[PDB]
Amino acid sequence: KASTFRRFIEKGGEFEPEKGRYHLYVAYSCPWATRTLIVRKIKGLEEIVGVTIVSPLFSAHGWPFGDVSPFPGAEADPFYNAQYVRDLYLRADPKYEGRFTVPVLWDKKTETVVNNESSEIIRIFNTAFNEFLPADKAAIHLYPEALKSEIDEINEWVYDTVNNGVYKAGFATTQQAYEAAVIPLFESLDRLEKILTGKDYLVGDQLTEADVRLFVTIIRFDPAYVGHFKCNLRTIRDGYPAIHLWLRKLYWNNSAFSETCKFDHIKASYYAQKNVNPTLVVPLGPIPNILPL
(Lines of atoms letter the chains of each structure in order from A and count residues from 1; the text may use other names and numbers.)
(Lines give C-alpha, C1' and ligand atoms only; values in the text may rest on other atoms or scores of the structure.)
Protein backbone atom coordinates (compact mmCIF):
# COMPACT_ATOMS: atom_id res chain seq x y z
CA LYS A 1 0.00 0.00 0.00
CA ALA A 2 1.49 3.31 -1.18
CA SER A 3 1.97 6.33 1.06
CA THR A 4 -0.72 8.95 0.51
CA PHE A 5 0.75 12.18 2.00
CA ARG A 6 2.94 13.30 -0.87
CA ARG A 7 3.56 17.02 -0.44
CA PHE A 8 6.77 19.03 -0.69
CA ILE A 9 8.40 22.00 1.00
CA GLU A 10 8.65 24.70 -1.66
CA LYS A 11 8.91 28.48 -1.85
CA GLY A 12 5.43 29.87 -2.36
CA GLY A 13 3.89 26.48 -1.68
CA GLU A 14 1.65 25.00 0.98
CA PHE A 15 4.73 24.25 3.14
CA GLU A 16 7.12 27.19 2.98
CA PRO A 17 10.78 26.38 3.76
CA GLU A 18 11.37 27.38 7.37
CA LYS A 19 13.65 26.54 10.30
CA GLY A 20 12.03 25.08 13.40
CA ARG A 21 8.72 24.31 11.63
CA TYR A 22 9.04 20.74 10.35
CA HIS A 23 9.56 17.61 12.43
CA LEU A 24 10.33 13.94 11.81
CA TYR A 25 8.58 11.11 13.64
CA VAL A 26 10.50 7.87 13.19
CA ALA A 27 11.30 4.46 14.60
CA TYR A 28 14.97 3.54 14.67
CA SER A 29 14.03 0.00 13.64
CA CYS A 30 12.39 1.07 10.40
CA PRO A 31 14.78 1.17 7.42
CA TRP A 32 12.53 3.56 5.50
CA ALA A 33 12.50 6.04 8.38
CA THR A 34 16.23 5.56 8.99
CA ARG A 35 16.80 6.84 5.45
CA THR A 36 15.48 10.21 6.62
CA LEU A 37 17.62 10.21 9.77
CA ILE A 38 20.75 9.48 7.77
CA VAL A 39 20.09 12.28 5.32
CA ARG A 40 19.12 14.66 8.14
CA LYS A 41 22.64 14.18 9.54
CA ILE A 42 24.41 14.24 6.15
CA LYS A 43 22.84 17.61 5.39
CA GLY A 44 23.39 19.04 8.86
CA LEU A 45 19.69 19.57 9.48
CA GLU A 46 19.62 18.60 13.17
CA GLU A 47 18.78 22.12 14.43
CA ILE A 48 16.46 22.84 11.51
CA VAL A 49 14.20 19.76 11.50
CA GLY A 50 13.39 18.15 14.84
CA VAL A 51 13.10 14.40 15.45
CA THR A 52 11.10 12.24 17.83
CA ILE A 53 11.88 8.53 18.27
CA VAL A 54 8.87 6.25 18.80
CA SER A 55 9.12 2.94 20.64
CA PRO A 56 10.40 0.03 18.48
CA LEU A 57 7.83 -2.28 20.12
CA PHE A 58 4.98 -2.26 17.63
CA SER A 59 1.61 -2.68 19.35
CA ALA A 60 -2.00 -3.47 18.56
CA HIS A 61 -2.53 0.27 17.97
CA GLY A 62 0.63 0.67 15.89
CA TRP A 63 3.79 2.55 16.84
CA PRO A 64 3.59 3.66 20.49
CA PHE A 65 5.43 6.58 21.89
CA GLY A 66 8.09 6.03 24.53
CA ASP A 67 5.84 6.80 27.50
CA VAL A 68 3.34 4.17 26.39
CA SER A 69 5.99 1.55 25.61
CA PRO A 70 9.30 2.42 27.29
CA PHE A 71 12.52 1.45 25.55
CA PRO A 72 15.97 3.11 25.79
CA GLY A 73 16.06 6.04 23.41
CA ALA A 74 12.33 6.01 22.67
CA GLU A 75 10.66 9.32 23.41
CA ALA A 76 7.30 10.73 24.35
CA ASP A 77 5.62 12.97 21.81
CA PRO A 78 6.75 16.51 22.75
CA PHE A 79 3.82 18.38 21.19
CA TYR A 80 0.33 16.83 21.38
CA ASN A 81 0.59 14.05 24.01
CA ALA A 82 0.13 11.64 21.13
CA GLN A 83 0.15 8.07 22.39
CA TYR A 84 0.51 6.24 19.06
CA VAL A 85 1.61 7.42 15.64
CA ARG A 86 -2.00 7.03 14.46
CA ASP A 87 -2.86 9.99 16.70
CA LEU A 88 -0.73 12.23 14.47
CA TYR A 89 -2.46 11.01 11.32
CA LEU A 90 -5.95 11.45 12.79
CA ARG A 91 -4.96 14.89 14.03
CA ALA A 92 -3.95 15.80 10.48
CA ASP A 93 -7.08 14.16 9.00
CA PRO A 94 -9.78 12.58 11.19
CA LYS A 95 -11.05 10.70 8.12
CA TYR A 96 -7.66 9.25 7.17
CA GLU A 97 -7.91 5.67 5.95
CA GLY A 98 -4.30 4.89 5.02
CA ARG A 99 -1.66 3.16 7.08
CA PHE A 100 -0.14 4.83 10.15
CA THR A 101 3.43 4.48 8.96
CA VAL A 102 6.75 5.99 9.92
CA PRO A 103 8.50 8.09 8.77
CA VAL A 104 6.27 11.12 9.18
CA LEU A 105 7.50 14.52 8.02
CA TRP A 106 5.18 16.75 10.05
CA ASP A 107 4.31 20.43 9.79
CA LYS A 108 3.96 21.87 13.30
CA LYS A 109 2.42 25.10 12.03
CA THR A 110 -0.63 23.67 10.27
CA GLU A 111 -0.41 20.38 12.23
CA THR A 112 -0.52 17.97 9.34
CA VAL A 113 1.57 15.38 7.56
CA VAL A 114 3.69 16.96 4.84
CA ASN A 115 4.98 13.70 3.43
CA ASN A 116 5.09 10.09 4.65
CA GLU A 117 7.12 8.67 1.76
CA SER A 118 10.78 8.21 2.72
CA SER A 119 11.98 8.40 -0.90
CA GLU A 120 10.51 11.92 -1.19
CA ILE A 121 11.47 13.11 2.31
CA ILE A 122 15.14 12.54 1.65
CA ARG A 123 14.83 14.39 -1.68
CA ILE A 124 13.13 17.31 0.06
CA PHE A 125 16.18 17.39 2.33
CA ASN A 126 18.61 17.81 -0.63
CA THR A 127 17.64 21.44 -1.26
CA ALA A 128 14.57 22.71 0.62
CA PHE A 129 16.55 23.98 3.61
CA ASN A 130 19.84 24.99 1.93
CA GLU A 131 19.37 28.66 2.82
CA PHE A 132 19.66 27.69 6.50
CA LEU A 133 22.86 25.65 6.10
CA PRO A 134 26.57 26.46 5.89
CA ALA A 135 28.04 26.33 2.42
CA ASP A 136 29.56 22.87 2.68
CA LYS A 137 26.30 21.26 3.88
CA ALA A 138 24.18 23.26 1.44
CA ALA A 139 26.25 21.95 -1.48
CA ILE A 140 25.58 18.28 -0.69
CA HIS A 141 23.00 16.76 -3.01
CA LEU A 142 22.32 13.03 -3.02
CA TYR A 143 20.13 13.09 -6.15
CA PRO A 144 22.01 15.39 -8.54
CA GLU A 145 20.68 16.02 -12.05
CA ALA A 146 23.66 14.46 -13.81
CA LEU A 147 23.22 11.15 -11.97
CA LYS A 148 19.43 11.06 -11.58
CA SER A 149 18.69 8.61 -14.39
CA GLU A 150 21.39 6.18 -13.28
CA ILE A 151 20.24 6.42 -9.66
CA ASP A 152 16.61 5.81 -10.69
CA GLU A 153 17.60 2.74 -12.68
CA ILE A 154 19.45 1.01 -9.84
CA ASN A 155 16.88 2.19 -7.27
CA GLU A 156 14.12 0.50 -9.23
CA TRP A 157 15.38 -3.04 -8.80
CA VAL A 158 17.02 -2.47 -5.41
CA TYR A 159 13.67 -1.21 -4.12
CA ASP A 160 11.62 -4.06 -5.60
CA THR A 161 13.94 -7.01 -4.92
CA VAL A 162 16.05 -5.93 -1.92
CA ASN A 163 14.45 -3.12 0.11
CA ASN A 164 10.99 -4.71 -0.24
CA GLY A 165 12.44 -8.11 -1.04
CA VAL A 166 13.44 -8.89 2.55
CA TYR A 167 9.87 -8.24 3.63
CA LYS A 168 8.39 -10.22 0.77
CA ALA A 169 10.48 -13.15 2.05
CA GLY A 170 10.01 -12.58 5.77
CA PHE A 171 6.25 -11.99 5.70
CA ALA A 172 5.51 -14.76 3.20
CA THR A 173 3.11 -17.30 4.68
CA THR A 174 3.59 -20.01 2.08
CA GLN A 175 6.74 -21.84 1.02
CA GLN A 176 6.04 -20.86 -2.58
CA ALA A 177 5.82 -17.15 -1.80
CA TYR A 178 8.89 -17.27 0.42
CA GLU A 179 11.02 -18.87 -2.30
CA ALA A 180 9.68 -16.52 -5.00
CA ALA A 181 10.97 -13.58 -2.91
CA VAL A 182 14.20 -14.86 -1.39
CA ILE A 183 15.71 -16.06 -4.68
CA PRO A 184 15.44 -12.67 -6.51
CA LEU A 185 16.72 -11.03 -3.32
CA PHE A 186 19.94 -13.01 -3.39
CA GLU A 187 20.24 -12.70 -7.19
CA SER A 188 20.14 -8.94 -6.69
CA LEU A 189 22.75 -9.17 -3.92
CA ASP A 190 24.93 -11.17 -6.35
CA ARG A 191 24.49 -8.31 -8.81
CA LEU A 192 25.19 -5.59 -6.26
CA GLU A 193 28.30 -7.51 -5.25
CA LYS A 194 29.60 -7.23 -8.82
CA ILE A 195 28.61 -3.58 -9.14
CA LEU A 196 30.45 -2.75 -5.90
CA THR A 197 33.60 -4.76 -6.61
CA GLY A 198 36.41 -2.26 -6.36
CA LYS A 199 34.01 0.62 -5.67
CA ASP A 200 33.07 2.68 -2.64
CA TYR A 201 29.70 3.87 -4.02
CA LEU A 202 26.92 2.48 -6.19
CA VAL A 203 26.74 5.45 -8.58
CA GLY A 204 29.19 8.04 -9.86
CA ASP A 205 31.98 7.27 -7.35
CA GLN A 206 30.28 9.53 -4.83
CA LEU A 207 27.71 9.13 -2.08
CA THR A 208 24.17 9.23 -3.44
CA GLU A 209 20.72 8.34 -2.20
CA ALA A 210 21.15 4.95 -3.90
CA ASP A 211 23.75 4.18 -1.23
CA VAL A 212 21.50 5.45 1.57
CA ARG A 213 18.52 3.42 0.34
CA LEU A 214 20.57 0.20 0.03
CA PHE A 215 22.40 0.74 3.32
CA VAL A 216 19.32 0.72 5.52
CA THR A 217 18.50 -2.79 4.32
CA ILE A 218 22.02 -4.21 4.31
CA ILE A 219 22.88 -2.93 7.81
CA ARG A 220 19.86 -4.88 9.17
CA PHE A 221 20.64 -7.99 7.13
CA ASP A 222 23.00 -10.03 9.29
CA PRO A 223 21.51 -8.75 12.60
CA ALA A 224 17.86 -9.51 11.79
CA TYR A 225 16.87 -10.42 8.22
CA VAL A 226 19.04 -13.56 7.96
CA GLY A 227 17.37 -15.19 10.96
CA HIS A 228 13.99 -13.56 11.50
CA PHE A 229 13.12 -13.10 7.80
CA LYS A 230 14.85 -16.35 6.76
CA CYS A 231 17.06 -14.47 4.26
CA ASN A 232 19.83 -16.92 4.95
CA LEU A 233 21.29 -18.29 1.70
CA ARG A 234 24.43 -16.50 2.85
CA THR A 235 25.30 -13.54 5.07
CA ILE A 236 26.71 -10.18 4.09
CA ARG A 237 29.80 -10.56 6.23
CA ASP A 238 30.70 -14.03 4.98
CA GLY A 239 29.11 -14.17 1.54
CA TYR A 240 29.44 -10.71 -0.05
CA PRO A 241 32.84 -9.10 0.46
CA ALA A 242 32.36 -6.09 -1.87
CA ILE A 243 29.02 -5.27 -0.24
CA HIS A 244 30.52 -5.92 3.18
CA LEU A 245 33.36 -3.49 2.48
CA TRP A 246 31.02 -0.83 1.09
CA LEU A 247 28.78 -1.28 4.15
CA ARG A 248 31.56 -1.00 6.71
CA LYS A 249 33.06 2.08 5.00
CA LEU A 250 29.68 3.81 5.16
CA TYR A 251 29.04 2.79 8.75
CA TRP A 252 32.50 3.32 10.27
CA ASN A 253 33.66 6.36 8.25
CA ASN A 254 30.42 8.42 8.09
CA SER A 255 28.80 9.23 11.45
CA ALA A 256 25.48 9.93 9.69
CA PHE A 257 25.25 6.18 9.11
CA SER A 258 26.43 4.91 12.52
CA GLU A 259 24.81 7.46 14.87
CA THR A 260 21.37 6.74 13.35
CA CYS A 261 21.90 2.96 13.56
CA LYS A 262 20.46 1.48 16.77
CA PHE A 263 20.88 -2.27 16.60
CA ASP A 264 18.97 -2.76 19.84
CA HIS A 265 15.95 -1.00 18.35
CA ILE A 266 16.37 -3.00 15.14
CA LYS A 267 16.51 -6.41 16.80
CA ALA A 268 13.78 -5.66 19.35
CA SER A 269 11.31 -4.55 16.70
CA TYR A 270 11.74 -7.53 14.38
CA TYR A 271 11.88 -10.20 17.05
CA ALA A 272 8.81 -8.84 18.83
CA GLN A 273 6.73 -9.71 15.74
CA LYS A 274 4.65 -12.46 17.34
CA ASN A 275 3.16 -13.77 14.10
CA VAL A 276 6.70 -14.71 13.01
CA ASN A 277 8.49 -15.17 16.37
CA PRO A 278 5.83 -16.13 18.93
CA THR A 279 8.37 -16.89 21.65
CA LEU A 280 9.39 -13.19 21.45
CA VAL A 281 13.01 -14.14 22.24
CA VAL A 282 15.69 -11.88 20.77
CA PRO A 283 18.82 -13.81 19.68
CA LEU A 284 22.08 -12.65 21.21
CA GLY A 285 23.97 -12.86 17.91
CA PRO A 286 25.38 -12.23 15.51
CA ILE A 287 28.39 -10.91 17.36
CA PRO A 288 29.29 -8.19 16.45
CA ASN A 289 26.40 -6.33 14.85
CA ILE A 290 28.85 -5.05 12.22
CA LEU A 291 32.46 -6.09 11.89
CA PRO A 292 35.20 -3.43 12.09
CA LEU A 293 37.39 -2.35 9.24
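One rule holds for the numbers: they count along the sequence shown, beginning at 1.
- Per the PDB record, of the two stretches 139-147 and 115-123, 139-147 carries the greater mean B-factor over its C-alpha atoms.
- A summary of the deposited B-factors shows that, of 166-174 and 104-112, the stretch with the larger mean C-alpha value is 166-174.
- Highest C-alpha temperature factor among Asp87, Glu193, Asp77, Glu209 per the entry: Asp87.
- Highest CA B-factor among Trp157, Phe71, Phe215, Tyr201, as stated in the entry: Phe71.
- Annotation for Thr235: C-alpha temperature factor in the lowest third relative to the rest of the modelled chain, per the entry.
- Among all modelled residues in its chain, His265 ranks in the lowest third by Cα B-factor.
- Looking at the C-alpha B-factors along this chain, the one for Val26 belongs to the lowest third.
- For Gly227, the recorded CA B-factor ranks within the lowest third of the chain. Only modelled residues enter the ranking.
- In the deposited entry, the Cα temperature factor of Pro241 sits in the middle third of values across the chain's modelled residues.
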